Amino acid sequence: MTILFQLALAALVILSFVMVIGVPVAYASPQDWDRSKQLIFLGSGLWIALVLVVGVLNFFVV
Amino acid sequence: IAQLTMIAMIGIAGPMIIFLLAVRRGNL
Amino acid sequence: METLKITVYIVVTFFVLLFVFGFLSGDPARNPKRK
Amino acid sequence: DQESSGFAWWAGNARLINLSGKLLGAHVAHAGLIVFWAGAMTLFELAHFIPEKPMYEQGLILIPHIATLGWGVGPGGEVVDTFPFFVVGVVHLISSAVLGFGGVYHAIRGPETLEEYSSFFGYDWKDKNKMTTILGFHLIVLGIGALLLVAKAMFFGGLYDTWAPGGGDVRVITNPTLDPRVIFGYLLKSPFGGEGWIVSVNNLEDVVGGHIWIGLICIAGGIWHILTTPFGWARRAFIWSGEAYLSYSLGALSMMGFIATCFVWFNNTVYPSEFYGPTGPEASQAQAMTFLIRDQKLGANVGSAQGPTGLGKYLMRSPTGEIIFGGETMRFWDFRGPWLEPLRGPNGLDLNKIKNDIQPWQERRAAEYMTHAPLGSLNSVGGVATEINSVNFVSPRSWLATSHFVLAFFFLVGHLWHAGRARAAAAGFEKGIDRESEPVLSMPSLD
Amino acid sequence: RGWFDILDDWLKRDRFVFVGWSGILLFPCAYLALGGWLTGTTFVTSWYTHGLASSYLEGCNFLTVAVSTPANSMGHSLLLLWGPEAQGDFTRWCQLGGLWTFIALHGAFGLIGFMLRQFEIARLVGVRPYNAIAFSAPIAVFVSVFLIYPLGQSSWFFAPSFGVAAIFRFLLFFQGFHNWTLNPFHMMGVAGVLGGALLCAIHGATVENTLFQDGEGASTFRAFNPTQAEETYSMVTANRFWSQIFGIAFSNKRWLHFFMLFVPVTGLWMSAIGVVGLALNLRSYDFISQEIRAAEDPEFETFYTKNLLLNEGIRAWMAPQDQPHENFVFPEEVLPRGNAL
Amino acid sequence: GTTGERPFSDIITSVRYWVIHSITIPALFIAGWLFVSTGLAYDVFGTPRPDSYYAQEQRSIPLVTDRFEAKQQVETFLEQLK
Amino acid sequence: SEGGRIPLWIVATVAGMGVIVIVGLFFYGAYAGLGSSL
Amino acid sequence: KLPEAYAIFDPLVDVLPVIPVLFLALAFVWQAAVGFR
Amino acid sequence: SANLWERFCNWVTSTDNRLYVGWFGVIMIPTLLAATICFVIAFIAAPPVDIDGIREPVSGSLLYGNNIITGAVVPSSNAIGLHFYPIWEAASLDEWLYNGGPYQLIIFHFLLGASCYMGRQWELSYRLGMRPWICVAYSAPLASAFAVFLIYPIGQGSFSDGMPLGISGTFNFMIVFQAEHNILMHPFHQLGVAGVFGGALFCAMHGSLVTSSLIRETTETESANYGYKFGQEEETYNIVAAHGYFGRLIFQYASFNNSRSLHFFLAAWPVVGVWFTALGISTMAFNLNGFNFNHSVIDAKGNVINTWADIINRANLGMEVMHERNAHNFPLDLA
Ligand SMILES: CCCCCCCCCCCCCCCCCC(=O)OC[C@H](CO[C@@H]1O[C@H](CO[C@@H]2O[C@H](CO)[C@H](O)[C@H](O)[C@H]2O)[C@H](O)[C@H](O)[C@H]1O)OC(=O)CCCCCCCCCCCCCCCCC
Ligand code: CLA
Ligand code: CLA
Ligand code: CLA
Ligand code: CLA
Ligand SMILES: CCCCCCCCCCCCO[C@@H]1O[C@H](CO)[C@@H](O[C@H]2O[C@H](CO)[C@@H](O)[C@H](O)[C@H]2O)[C@H](O)[C@H]1O
Ligand SMILES: CCNc1nc(NC(C)(C)C)nc(SC)n1
Ligand SMILES: [Ca+2]
Ligand SMILES: [Cl-]
Ligand SMILES: [Fe+2]
């Protein structure tokens with residue numbers, strides 16, 4: 001539960017760091033954002049579940 | 001103790017997201 | 001003394017009206033070209 | 001798309017004056033930075049927050065904003081649960097990512113213009129209706145917000161009322177002053193000493209009540225603009241352009257910035273001295289309290305004590321006859337406060353209560369506030385400029401008030417500047433006098 | 001032709017950083033002055049001199065650091081590295097404040113060299129030397145304040161020490177001891193500097209908002225002809241503007257610009273004379289008629305009398321740690337103080 | 001609009017430059033650092049170390065009181081220190 | 001090895017952060033050094 | 001302080017506040033890269 | 001009559017008036033005549049004012065023992081604080097002159113008018129087709145009068161703490177300020193002196209460079225000024241020769257060649273610097289004062305090693321301890 005929580009919360013940070021540097025260069029070079037429109041979509045969708053994970057999971061640790 | 005570790009990365013991050021664009025040359 | 005207050009008040013109203021009804025009078029209009 | 005053959009680099013953002021879409025990313029990306037801050041700062045504050053210690057002694061300015069809405073606090077501003085703080089902090093921090101997304105999106109991928117990718121959102125500056133309407137939408141969003149407060153106070157919990165009968169405490173307002181005669185009375189109040197205008201609000205009923213009026217009056221105007229166009233004068237009076245509109249909102253913020261500076265500096269109610277520090281006048285008052293209290297214990301008759309000038313070491317009279325504290329503190333005789341009120345009579349400070357009704361909690365309140373006046377240095381060294389290093393402190397009331405006067409000011413310059421530009425832009429000469437038709441040259445010599 | 005004309009030739013050669021004959025004096029000094037300061041600011045102390053920490057090495061920040069004056073014992077000694085004081089020794093020199101007369105005297109020559117430069121470069125480029133005339137003003141200030149002044153006092157110790165805060169005390173001192181703010185010359189001084197910073201601002205804005213349109217852009221900066229021709233702003237329009245808002249207005253750029261040289265240069269010249277007088281302590285301290293009435297009548301009070309009391313406090317509370325060589329001891333009971341404070 | 005000197009822009013961009021200064025710059029830095037950290041600077045400038053303003057007991061200042069026998073007087077002040 | 005190769009905009013943002021770092025070290029030194037008050 | 005669990009992020013949260021400033025900054029990194037057009 | 005009011009508005013706004021009485025002017029002209037007229041009478045004949053509210057009148061007018069340098073118009077009483085004190089608020093004028101009534105009548109009308117004076121510096125520029133912004137340069141000196149005459153008093157809780165209207169009275173404002181705020185040690189004031197010093201500096205630079213690079217058109221025994229006629233087409237100085245000299249004094253890229261960029265800088269510098277100085281006084285009006293480095297550097301044992309920052313504190317204490325002799329009854333100066 002706890003480590004399970006620190007995992008979700010900690011991974012959620014690295015995804016953000018990655019997501020943040022990503023989306024930019026994404027819409028940036030139109031070398032796609034069609035193939036990456038797939039990547040970004042998964043990052044975005046993923047992110048939300050994660051927040052919801054840490055959200056609900058918070059009430060069990062603290 | 002030394003969370004300067006943090007700053008450092010999130011710091012070279014800003015310039016990175018434009019540099020990679022200087023490489024993939026496009027949309028600056 | 002209660003008078004002076006009245007007078008002063010009147011006097012300041014005059015000018016303040018003259019001021020609002022002034023810029024209201026289509027001030028943008030007043031200038032060299034485009035209006 | 002846009003480069004130097006638009007505007008100069010350092011005026012870059014003006015190249016977006018006519019690209020609705022991108023000009024939306026900006027506002028959506030920016031609004032992100034504010035949420036980000038609000039959120040990211042709260043957690044910073046909480047990360048350093050020490051429960052058993054005054055908030056004002058910790059450089060806090062957001063947690064105290066939450067505390068006022070009745071959250072995580074109880075009797076006398078005692079901090080009970082730090083959860084509401086952590087919550088409000090993280091929530092914002094998250095929404096910052098959501099907004100930030102949209103911002104970045106609308107400014108580098110989505111449509112560079114809107115008018116075509118949807119005529120509902122696309123807009124025309126000179127479109128007196130689209131303008132009056134979008135304004136109308138926002139006038140409703142803000143209106144709902146004003147009620148979002150009225151709700152938290154009447155239904156969801158209350159607000160921190162320092163004037164609390166039993167002594168400062170979270171109280172549920174269930175009797176908002178709705179009497180227009182009173183509510184709007186405040187606007188007809190002098191902004192000088194005593195009658196303080198808006199900043200003189202001193203009880204939560206009026207605060208809550210007044211917000212009720214604003215919420216409605218506000219949404220009412222939101223609908224009215226949705227359903228209308230500027231009349232005639234409204235049109236022959238203003239300038240209709242992208243800059244001109246900005247300017248008008250610039251001068252508007254400036255003014256609100258000055259009003260805010262005075263609220264946090266003077267007001268006791270919506271800015272509880274329990275979370276922020278003691279007000280400027282409140283602290284000078286407390287010194288008089290402290291020493292009238294002390295010396296009185298040493299056997300001095302405060303009522304008849306004569307000071308160097310022959311005016312009254314501890315108590316003197318104000319210009320209209322009321323009994324007030326003496327000393328340079330004669331300038332703050334307009335200070336009212338929970339801790340000091342029980343000593344006031346129908347004629348001001350009552351010599352009998354002062355003589356035997358002073359309570360210990362008041363003595364230490366006066367002492368606390370006396371030693372926490374809003375005096376400090378840039379490098380945060382609490383006290384008078386000649387003081388010694390040791391007590392690292394600068395009242396939250398000082399920080400807030402200064403920062404906002406600066407911002408308020410520069411914005412008034414911003415106003416003048418963008419308004420001056422708009423008027424020349426309109427008539428059309430904001431780029432120079434027509435070498436050919438030089439206006440001055442067609443005017444008679446004043447000589 | 002000859003070694004001299006060849007030496008010349010080389011010097012007056014148009015480089016990135018023009019050297020010139022003048023440079024032979026300017027650069028050696030100018031660099032040594034700047035250098036000595038930067039050195040002391042971070043390394044040398046003022047302990048043996050003023051009982052003060054004065055360098056980064058001791059804990060001072062950019063505001064509190066400084067190259068403090070020599071002891072009062074030194075008197076007006078030039079304090080040469082190899083003179084009777086330091087005796088060739090360097091470290092001692094440092095501790096006796098040799099670095100002050102070093103920065104002082106060197107920078108002094110550096111201002112001579114620089115003005116000469118202007119004069120030399122002016123001549124070559126074939127323009128009038130009004131840039132040199134103007135610079136007389138700053139020389140006067142430096143000369144009168146960092147040299148003539150302390151030369152009139154007991155020693156270099158009372159000259160302004162090189163440093164930010166160390167200069168603020170020079171200000172406070174002058175108020176407290178010389179009641180300098182009440183001096184006719186200091187006033188003229190400020191009228192000029194204050195009035196000069198006005199012409200600056202006012203003229204600048206008058207030009208930028210009285211410009212002709214020579215471009216199609218909003219950023220009108222590019223729209224400028226580096227190569228003369230027409231006036232870039234309507235001198236005629238400017239005249240009418242001010243003539244209607246202020247009542248008076250220029251109308252002769254040649255005069256408007258000469259005026260701008262005059263106002264601040266004259267101001268600084270006056271502020272200098274005032275100080276040349278403070279050297280002999282020949283100050284503008286009091287108004288006798290005022291003092292006489294204040295003596296006989298205890299109910300006469302002006303913002304002037306008020307100030308003089310502020311001075312008494314400044315002198316009494318500062319003198320002790322500000323003039324160490326005087327071994328001042330002022331018992332708490334002798335210290336002037338109002339009520340409560 | 002020009003003189004002999006090689007346009008800074010070109011130099012600040014030349015990989016040769018950095019190849020040289022990546023060495024030189026930090027070089028100078030580490031040197032000055034050591035200048036302070038080795039306590040050498042304190043002796044080069046007679047500047048007191050945190051434990052050398054006063055003697056343990058004394059609370060008086062080592063004020064130089066006469067020009068000519070100044071150096072001599074200063075030396076004696078160092079005497080009391082330790 | 002001359003002729004611009006190290007892109008300028010990078011020389012700057014790098015030499016730039018480099019200064020905010022050293023000047024920032026100074027600001028930290030203000031709450032710890034000798035220039036402290038503790 | 002930060003709820004017991006998140007404590008591991010104390011340090012992280014210590015720098016978050018300053019980020020906004022960075023953006024105003026980046027806009028300059030960018031223009032420099034795009035040669036101030 | 002094309003319509004009286006229609007006409008009136010045409011006159012007021014007329015750009016053919018010797019002095020442009022504008023719309024802002026309709027408020028300016030009267031307020032400024034009141035401020036000026038009341039001042040002149042005050043300064044010459046007003047009687048003593050109990051500035052500190054402790055019944056200790058400070059006479060500051062000529063006829064009552066003052067000379068130009070000492071004389072001043074004294075601030076309203078401290079007994080009054082921030083309360084509005086219009087003549088119709090006094091049992092009599094005698095009472096009004098004693099509590100420093102004239103001061104308010106003057107500062108309020110002046111500040112009012114001086115603002116409109118700004119509003120006017122815009123209007124005329126509009127009616128004349130010239131770019132605005134000049135009025136924005138004047139926002140700095142105005143924003144100062146405001147800081148010194150209103151913000152500081154609001155902040156401090158009394159008009160009696162506003163800067164007096166007189167020479168010496170101003171030095172008083174300064175000397176005390178420094179004691180209570182240690183302004184010389186505040187970033188904003190420093191930026192202020194940079195702007196003022198700088199201004200004067202640049203004012204001299206421009207002034208000389210230009211005047212020194214004027215094209216010859218005058219005799220050897222004829223005012224070099226005549227070489228210019230009002231309403232010229234081409235320039236009167238060689239801005240290329242100017243730049244040529246100045247570029248060599250320092251070095252080329254460190255010199256202006258664009259008269260527009262030159263003049264922007266020329267205006268920008270002082271105005272920006274004074275803006276900060278005004279924000280300084282407006283900021284120290286809420287007690288956020290200058291840096292306090294008192295007893296920072298201390299030695300190995302704990303002894304306090306003084307810096308020039310300390311010598312400054314002593315001079316400040318002298319001022320603190322002696323100002324307002326009889327006005328304090330307690331330990332801390334919180335007002
Ligand atoms: C025409 C265009 C003009 C453009 C002009 C642009 C001007 C721009 C100005 C920009 C910014 C001004 C910024 C101010 C930042 C203030 C930071 C600060 O206050 O930070 C405060 C901190 C803390 O200071 C520390 O404060 C500390 C302690 O407080 C305390 O801490 C202690 C424990 O640590 C105890 O608890 C104690 O009781 C408690 O009070 C200690 O005393 C330290 O010893 C002390 O050093 O700052 C320090 O250390 C600070 C060392 C500061 C040097 C500061 C210089 C500042 C401004 C210079 C302007 C120069 C202009 C030159 C122009 C030239 C040409 C134009
Ligand atoms: C504070 C907010 C802010 C915002 C929202 C904008 C927005 C915009 N600006 Mg400015 N600008 C700013 C501040 C800001 N600016 C400042 C302070 C300056 C002075 C230095 C300028 C100077 C300037 C100029 C000179 C120009 C603009 C232009 C533009 C537009 C550029 C479109 C583009 O080319 O994308 C390019 C974007 C990139 C190459 C990468 C940026 C990625 C950004 C969005 C995010 C970085 C954060 C992070 C990594 C993202 C994580 C998101 C998260 C959800 C995962 C755009 C609408 C241009 C214009 O007006 O065109 C018509 C133009 O010429 N701006
Ligand atoms: C703050 C103001 C704001 C505004 C005015 C707009 C306006 C617009 N957007 Mg965004 N957008 C924003 C913020 C904003 N957006 C943010 C923060 C994000 C990131 C999450 C996005 C992400 C986004 C995307 C990915 C797209 C747009 C698109 C569009 C355009 C759609 C027009 C259309 O064709 O019909 C579409 C009709 C609508 C979009 C309106 C329906 C809105 C619903 C779905 C949500 C309302 C929000 C929320 C759930 C309500 C609160 C509920 C409560 C219970 C809590 C329009 C101009 C689209 C576009 O580029 O079109 C050309 C598109 O593809 N926007
Ligand atoms: C939140 C922003 C907001 C904005 C930007 C606007 C903007 C506008 N509204 Mg509006 N309105 C709003 C909210 C807003 N409203 C709300 C909440 C309501 C509900 C009450 C209304 C109700 C409303 C009505 C009923 C009307 C407008 C009208 C107008 C237009 C008026 C043009 C004008 O001359 O005004 C400038 C105001 C003046 C020139 C009058 C001068 C008044 C003097 C006496 C005092 C000025 C203030 C003083 C100097 C300082 C403050 C003192 C303090 C005591 C208040 C304008 C575009 C008019 C219109 O034509 O609509 C289509 C109209 O008839 N509005
Ligand atoms: C409240 C909203 C607001 C908005 C939306 C705008 C929007 C705009 N303004 Mg503007 N302005 C405002 C308020 C506002 N202003 C205020 C209050 C002032 C008074 C100071 C000004 C003064 C102003 C001027 C003088 C000018 C503009 C201009 C512009 C346009 C500039 C385009 C650009 O590239 O940005 C430019 C942004 C930059 C170059 C970034 C530099 C910012 C510097 C000056 C300050 C940074 C401050 C920060 C706190 C310091 C931290 C430093 C760090 C190292 C620690 C743009 C449309 C320009 C224009 O051409 O308009 C038509 C112009 O010349 N504005
Ligand atoms: C919250 C309170 C709000 C209160 C609002 C009170 C509003 C009171 C009056 C609104 C009056 C509009 O009044 C009308 O304005 C137009 C300009 O637009 C004037 O027209 C005016 O301007 C033109 C130029 O444009 C002049 O040549 C003309 O002589 C002049 O009169 C009308 O003469 C005036 O009657
Ligand atoms: C046209 C002469 N060149 C020139 N250059 C400069 N450069 C600074 C940096 C001093 C503004 N100033 C001037 S006088 C305003 N003139
Ligand atoms: Ca932490
Ligand atoms: Cl007094
Ligand atoms: Fe000029």
# chains A, B, ... in the order shown; residues from 1 in each chain; ligands from 1
call {"tool": "closest_atom_pairs", "arguments": {"of": "chain G", "to": "chain E", "cutoff": "7 Å", "atoms": "only C-alpha atoms", "output": "JSON lines"}}
result
{"residue": "G:33", "atom": "CA", "partner": "E:59", "partner_atom": "CA", "distance": 6.5}
{"residue": "G:34", "atom": "CA", "partner": "E:59", "partner_atom": "CA", "distance": 4.3}
{"residue": "G:35", "atom": "CA", "partner": "E:59", "partner_atom": "CA", "distance": 3.9}
call {"tool": "write_last_selection", "arguments": {"atoms": "N, CA and C atoms", "output": "JSON list (two decimals), in the first residue's frame"}}
result
[["chain", "number", "residue", "atom", "x", "y", "z"],
["G", 33, "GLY", "N", 27.75, 32.62, 5.97],
["G", 33, "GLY", "CA", 29.11, 33.09, 6.14],
["G", 33, "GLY", "C", 29.45, 33.77, 7.46],
["G", 34, "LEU", "N", 30.31, 34.76, 7.32],
["G", 34, "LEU", "CA", 30.74, 35.55, 8.44],
["G", 34, "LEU", "C", 29.82, 36.77, 8.37],
["G", 35, "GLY", "N", 29.37, 37.07, 7.16],
["G", 35, "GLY", "CA", 28.48, 38.20, 6.95],
["G", 35, "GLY", "C", 27.10, 37.86, 7.50]]
call {"tool": "interface_residues", "arguments": {"of": "chain H", "to": "chain G", "cutoff": "9 Å", "atoms": "only C-alpha atoms", "output": "PDB file with N, CA, C and O atoms, in the first residue's frame"}}
result
ATOM      1  N   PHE H  28      13.270  33.973 -23.185  1.00  0.00           N
ATOM      2  CA  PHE H  28      14.500  34.621 -23.620  1.00  0.00           C
ATOM      3  C   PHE H  28      15.479  33.607 -24.215  1.00  0.00           C
ATOM      4  O   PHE H  28      16.191  33.912 -25.175  1.00  0.00           O
ATOM      5  N   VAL H  29      15.513  32.404 -23.645  1.00  0.00           N
ATOM      6  CA  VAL H  29      16.381  31.352 -24.163  1.00  0.00           C
ATOM      7  C   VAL H  29      15.935  31.172 -25.620  1.00  0.00           C
ATOM      8  O   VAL H  29      16.748  31.177 -26.553  1.00  0.00           O
ATOM      9  N   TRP H  30      14.619  31.042 -25.785  1.00  0.00           N
ATOM     10  CA  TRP H  30      13.966  30.874 -27.082  1.00  0.00           C
ATOM     11  C   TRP H  30      14.337  31.942 -28.109  1.00  0.00           C
ATOM     12  O   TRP H  30      14.922  31.623 -29.146  1.00  0.00           O
ATOM     13  N   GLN H  31      13.983  33.197 -27.829  1.00  0.00           N
ATOM     14  CA  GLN H  31      14.281  34.301 -28.736  1.00  0.00           C
ATOM     15  C   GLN H  31      15.749  34.345 -29.123  1.00  0.00           C
ATOM     16  O   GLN H  31      16.088  34.676 -30.257  1.00  0.00           O
ATOM     17  N   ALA H  32      16.620  34.020 -28.177  1.00  0.00           N
ATOM     18  CA  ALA H  32      18.051  34.004 -28.453  1.00  0.00           C
ATOM     19  C   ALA H  32      18.328  32.905 -29.474  1.00  0.00           C
ATOM     20  O   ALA H  32      19.068  33.116 -30.435  1.00  0.00           O
ATOM     21  N   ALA H  33      17.732  31.734 -29.251  1.00  0.00           N
ATOM     22  CA  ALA H  33      17.890  30.603 -30.162  1.00  0.00           C
ATOM     23  C   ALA H  33      17.355  30.972 -31.546  1.00  0.00           C
ATOM     24  O   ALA H  33      17.979  30.664 -32.560  1.00  0.00           O
ATOM     25  N   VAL H  34      16.201  31.640 -31.588  1.00  0.00           N
ATOM     26  CA  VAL H  34      15.598  32.048 -32.857  1.00  0.00           C
ATOM     27  C   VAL H  34      16.155  33.394 -33.337  1.00  0.00           C
ATOM     28  O   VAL H  34      15.517  34.105 -34.118  1.00  0.00           O
ATOM     29  N   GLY H  35      17.349  33.733 -32.856  1.00  0.00           N
ATOM     30  CA  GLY H  35      18.002  34.971 -33.250  1.00  0.00           C
ATOM     31  C   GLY H  35      17.172  36.249 -33.238  1.00  0.00           C
ATOM     32  O   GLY H  35      17.085  36.949 -34.254  1.00  0.00           O
TER      33      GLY H  35
END
call {"tool": "closest_atom_pairs", "arguments": {"of": "chain E", "to": "ligand 5", "cutoff": "12 Å", "atoms": "only C-alpha atoms and all ligand atoms", "output": "tab-separated table"}}
result
residue	atom	partner	partner_atom_place_in_ligand_line	distance
E:208	CA	ligand 5	64 (O)	12.0
E:217	CA	ligand 5	60 (O)	10.8
E:218	CA	ligand 5	60 (O)	7.4
E:219	CA	ligand 5	60 (O)	7.0
E:220	CA	ligand 5	60 (O)	10.0
E:221	CA	ligand 5	64 (O)	11.3
call {"tool": "write_last_selection", "arguments": {"atoms": "N, CA, C and O atoms", "output": "PDB file, in the first residue's frame"}}
result
ATOM      1  N   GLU E 208      10.914  61.229 -28.579  1.00  0.00           N
ATOM      2  CA  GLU E 208      10.235  59.982 -28.912  1.00  0.00           C
ATOM      3  C   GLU E 208       8.745  60.087 -29.233  1.00  0.00           C
ATOM      4  O   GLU E 208       8.202  59.244 -29.957  1.00  0.00           O
ATOM      5  N   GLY E 217       6.279  50.269 -39.629  1.00  0.00           N
ATOM      6  CA  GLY E 217       6.170  49.468 -38.427  1.00  0.00           C
ATOM      7  C   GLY E 217       5.721  50.254 -37.209  1.00  0.00           C
ATOM      8  O   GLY E 217       5.571  51.480 -37.255  1.00  0.00           O
ATOM      9  N   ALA E 218       5.480  49.531 -36.119  1.00  0.00           N
ATOM     10  CA  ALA E 218       5.076  50.152 -34.870  1.00  0.00           C
ATOM     11  C   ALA E 218       6.367  50.477 -34.132  1.00  0.00           C
ATOM     12  O   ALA E 218       6.519  51.575 -33.594  1.00  0.00           O
ATOM     13  N   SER E 219       7.293  49.520 -34.114  1.00  0.00           N
ATOM     14  CA  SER E 219       8.598  49.717 -33.478  1.00  0.00           C
ATOM     15  C   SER E 219       9.365  50.674 -34.387  1.00  0.00           C
ATOM     16  O   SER E 219      10.088  50.248 -35.284  1.00  0.00           O
ATOM     17  N   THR E 220       9.188  51.969 -34.135  1.00  0.00           N
ATOM     18  CA  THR E 220       9.797  53.031 -34.933  1.00  0.00           C
ATOM     19  C   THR E 220      11.304  53.176 -34.840  1.00  0.00           C
ATOM     20  O   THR E 220      11.880  54.073 -35.455  1.00  0.00           O
ATOM     21  N   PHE E 221      11.957  52.308 -34.085  1.00  0.00           N
ATOM     22  CA  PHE E 221      13.397  52.426 -33.954  1.00  0.00           C
ATOM     23  C   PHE E 221      14.122  52.226 -35.276  1.00  0.00           C
ATOM     24  O   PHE E 221      14.992  53.031 -35.628  1.00  0.00           O
TER      25      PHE E 221
END
call {"tool": "residues_around", "arguments": {"residues": "residue 37 in chain G", "least_positions_apart": "6", "cutoff": "8 Å", "atoms": "only C-alpha atoms", "output": "list in words"}}
result
residues 389 and 390 of chain D; 31 of chain G; 293, 295, 296, 297 and 298 of chain I
call {"tool": "atom_distance", "arguments": {"atom1": "CA of residue 156 in chain E", "atom2": "CA of residue 279 in chain E"}}
result
11.8 Å
call {"tool": "residues_near_ligand", "arguments": {"ligand": "ligand 4", "cutoff": "7 Å", "atoms": "only C-alpha atoms and all ligand atoms", "output": "list in words"}}
result
residues 132, 135, 139, 187, 188, 217, 218, 219, 220, 221, 222, 224, 225, 228, 229, 230, 231, 233, 234 and 237 of chain D
call {"tool": "write_last_selection", "arguments": {"atoms": "C-alpha atoms", "output": "compact mmCIF listing (two decimals), in the first residue's frame"}}
result
# COMPACT_ATOMS: atom_id res chain seq x y z
CA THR D 132 -20.22 43.06 -24.78
CA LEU D 135 -17.59 40.37 -21.17
CA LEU D 139 -19.33 38.91 -15.60
CA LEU D 187 -19.40 53.28 -0.94
CA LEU D 188 -20.64 56.71 0.24
CA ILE D 217 -25.77 42.54 -9.38
CA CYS D 218 -22.82 40.99 -11.20
CA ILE D 219 -24.60 38.11 -12.95
CA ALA D 220 -27.46 40.51 -13.76
CA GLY D 221 -25.00 42.63 -15.73
CA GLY D 222 -23.62 39.43 -17.26
CA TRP D 224 -27.64 42.30 -19.77
CA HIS D 225 -24.42 42.45 -21.83
CA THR D 228 -27.17 43.90 -25.77
CA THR D 229 -24.84 46.34 -27.56
CA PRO D 230 -23.29 49.56 -26.25
CA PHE D 231 -25.75 52.46 -26.58
CA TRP D 233 -22.65 57.68 -26.01
CA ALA D 234 -21.11 54.43 -24.81
CA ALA D 237 -17.15 58.03 -25.85
call {"tool": "residues_around", "arguments": {"residues": "residue 23 in chain E", "least_positions_apart": "6", "cutoff": "10 Å", "atoms": "only C-alpha atoms", "output": "ChimeraX atom specification"}}
result
/E:11,29-30,110,113-114,116-117
call {"tool": "residues_around", "arguments": {"residues": "residue 417 in chain D", "least_positions_apart": "2", "cutoff": "9 Å", "atoms": "only C-alpha atoms", "output": "number ranges by chain"}}
result
D: 247, 412-415, 419-422; I: 132-133, 135-136
call {"tool": "residues_near_ligand", "arguments": {"ligand": "ligand 7", "cutoff": "6 Å", "atoms": "only C-alpha atoms and all ligand atoms", "output": "VMD selection string"}}
result
chain I and resid 202 205 to 206 239 242 to 243 246 255 to 257 262 266
call {"tool": "write_last_selection", "arguments": {"atoms": "C-alpha atoms", "output": "PDB file, in the first residue's frame"}}
result
ATOM      1  CA  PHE I 202      23.792  61.587 -19.522  1.00  0.00           C
ATOM      2  CA  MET I 205      26.940  63.629 -22.236  1.00  0.00           C
ATOM      3  CA  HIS I 206      24.260  64.269 -24.805  1.00  0.00           C
ATOM      4  CA  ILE I 239      25.485  62.732 -35.424  1.00  0.00           C
ATOM      5  CA  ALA I 242      29.491  62.637 -32.696  1.00  0.00           C
ATOM      6  CA  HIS I 243      29.288  58.856 -32.734  1.00  0.00           C
ATOM      7  CA  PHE I 246      32.301  58.857 -28.594  1.00  0.00           C
ATOM      8  CA  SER I 255      28.158  54.057 -28.468  1.00  0.00           C
ATOM      9  CA  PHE I 256      24.878  55.236 -29.976  1.00  0.00           C
ATOM     10  CA  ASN I 257      24.489  55.947 -33.695  1.00  0.00           C
ATOM     11  CA  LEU I 262      19.779  57.423 -27.938  1.00  0.00           C
ATOM     12  CA  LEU I 266      17.898  59.375 -22.441  1.00  0.00           C
TER      13      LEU I 266
END
call {"tool": "residues_around", "arguments": {"residues": "residue 35 in chain C", "least_positions_apart": "2", "cutoff": "10 Å", "atoms": "only C-alpha atoms", "output": "VMD selection string"}}
result
(chain C and resid 26 to 33) or (chain D and resid 426 to 428)
call {"tool": "residues_around", "arguments": {"residues": "residue 17 in chain C", "least_positions_apart": "4", "cutoff": "10 Å", "atoms": "only C-alpha atoms", "output": "ChimeraX atom specification"}}
result
/C:12-13,21-22 /I:26-27
